[PDB]
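Residue numbers (my numbering): 184 to 232. What follows is a set of notes on a single structure, which appears directly below.
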DNA sequence: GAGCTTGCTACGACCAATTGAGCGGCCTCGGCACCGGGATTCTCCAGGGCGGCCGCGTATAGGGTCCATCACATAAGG
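Following this line, the structure appears as structure tokens:
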């Protein structure tokens with residue numbers, strides 16, 4: 184489980200490695216960051232939402 | 001070479017009428033925007049090591065400093 188929250192520098196530090204297969208099983212994120220960071224989530228494919 | 005008076009023409013102000021280039025509306029897929037990644041590359045303190053320079057102090061090379069030795073023609077006897 185990846186908890187995607189924090190200030191942008193640590194936020195992008197948490198992004199590091201997201202593209203690798205099986206880097207994580209589930210990601211949990213808040214709607215504020217979804218409206219903030221939409222590009223990152225939209226680029227990845229998220230199976231069951 | 002400039003100023004201006006010429007005598008007047010030829011080209012452009014003005015006008016109906018046609019029509020097609022250009023504008024206004026609308027629609028779209030690929031040029032763009034973001035960054036994940038491996039790789040590039042530059043920063044900056046530590047510092048191996050020579051050795052400039054400094055430190056304890058070995059033993060040593062050298063200068064300003066004080067000492068004098070030395071020359072021209074002279075003092076003396078006959």
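Even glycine gets a Cβ: it sits at the ideal position worked out from N, Cα and C.
Give the secondary structure of residue 184 by DSSP, where H, G and I count as helix, E and B as strand, and everything else as coil.
-> In the first chain, the residue the question calls residue 184 occupies position 1. Residue state, collapsed to three classes: coil.
State the Cα-Cα distance for the pair residue 211 and residue 189, rounded to the nearest angstrom.
-> Start at 1 with the first residue of the first chain, and residue 211 comes out as number 28. Start at 1 with the first residue of the first chain, and residue 189 comes out as number 6. Each residue's Cα considered, the two are about 13 Å apart.
Top-ranked residue by Cα proximity to residue 195, from 224, 208, 184 = Within the first chain, the letter at position 12 stands for residue 195. For the residues 224, 208, 184, the minimum Cα distance to residue 195 belongs to 224.
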